[PDB]
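Here you'll find one protein chain in two forms, each presented separately as structure tokens under the names structure 1 and structure 2.
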Structure 1
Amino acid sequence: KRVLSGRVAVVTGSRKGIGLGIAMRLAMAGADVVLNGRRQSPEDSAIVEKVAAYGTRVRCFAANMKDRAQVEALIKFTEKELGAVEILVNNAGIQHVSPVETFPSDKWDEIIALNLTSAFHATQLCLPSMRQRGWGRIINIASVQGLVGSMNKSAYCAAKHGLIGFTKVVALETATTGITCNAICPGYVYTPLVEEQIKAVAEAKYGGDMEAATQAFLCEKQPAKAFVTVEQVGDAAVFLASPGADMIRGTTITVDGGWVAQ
């Protein structure tokens, strides 16, 4: 047996990036895991089998988290295939870089919908079963951008700040139960979400030099002058899901190479 053996986890947006790192670490720690993205992909079999390599039950369910009916379908699918959702990781999220004056109205709305409101919908749908069973984990993937601001990220900083506020309330409403709710706040992790920003910097300011752009990007914000890894974010999710975190409630686990310390 392992520390999360028998626990059923759902990780939204988890076929790539940080979500896949979290799903891998939870499965390595013994949890059954449901993967998720917007639409079925040819890679689903290979990604399921990668996560299943550690001897737990793994599934994959395509669902757009901005649609509350599809969030519900994801949860019901998990209940049918594996059992009650015990660990919910709200991870799916998007970014759009723009000054406030020209920030597209629909991009603002989309970031709020996915990065904040979808976590509320999923949490609302999962809490009754967790309360009935006397146990739960809700793990929200926020950001350093939920604790401080950065230029040209108004919608994202707003949504991530909001997600941290939501985390606090859910934790307080469950504080006398076996359900906890907490947020992980990563600094920069080298995923496509960050790669696309570095590419824009490279083209705009460094003649296409990705190495120069990466160092500048990273060093503007992250004192460690290194990226956080998806595995490290997964390790924080395992820690929050473990029994040693039974009394960690409504807080942020910041994994950011020193960004918020300065």
Structure 2
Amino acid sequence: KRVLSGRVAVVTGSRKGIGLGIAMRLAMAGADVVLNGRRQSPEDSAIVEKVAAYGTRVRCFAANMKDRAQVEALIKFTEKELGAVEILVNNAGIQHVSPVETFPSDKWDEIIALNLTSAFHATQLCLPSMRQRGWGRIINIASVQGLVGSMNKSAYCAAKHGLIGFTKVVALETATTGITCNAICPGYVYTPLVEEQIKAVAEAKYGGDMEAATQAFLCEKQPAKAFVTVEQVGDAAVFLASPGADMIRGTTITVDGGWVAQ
């Protein structure tokens, strides 16, 4: 009765924020989902129950995406529990803000590895099964930062641009198959990552005024002056994984409220 009934879905970094939203919207669309985190938490059961509220089979796994062996462990766990990985959502993404002059080298390395190389490892490990089964959906969670630049986000922008490029190459390498690769490029999304930013901006320039600080934060970059929701990102992912997008290959779905239209 649902578009994605019987599809096995694996979302990296899906125990919080955008990844959790994508997992929720995929399970709502009828897909079994494997949530991924770094290490187990007492609330793992609560999150798993929240996603399972949609009637699909839901699993949880704690794999550090930086280690390729753990990525392979995640894929094999999904294959054993639910069957071949059919939808792969490369969402693992961290942020660090600093001018290029003072950007720590280890932080740059971590951002590049987690946002770019982890997607490479997961795609490499999942492609053979998708080719064997004649169907697949590689969805990379990029940002508007993958299309345009922003100050003090050199590592993030470079990683997301590279993720879009890798999306293009993977789409081209599978163009004559039942496997598509595409990227989602959200704008600002309300999350702890952004709530801490809003609180810091209130400390800096707005003196603890939440409403004005948030309004200015959005007015800077998003013309809509509104936050993109995790549900909207997940709905874009569901559209990408839907049959209607069988010929959507190597492109971007931009959910930004106008950020890259200027």
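Under this definition, the rigid core comprises the largest set of C-alpha atoms superposing within 1.5 Å between the forms. Structure 1's sequence is the ruler for residue numbers, which start at 1.
Only one of 231, 220, 211, 43 has its C-alpha shifted by 2 Å or more between the two structures once the core is superposed, and that residue is 211.
Superposing the rigid core and comparing between the two structures gives a CA shift of 1.1 Å at residue 16. Core superposition places the C-alpha of residue 137 0.2 Å apart between the two structures.
On core superposition, residue 202 has its C-alpha offset by 2.2 angstrom between the two structures.
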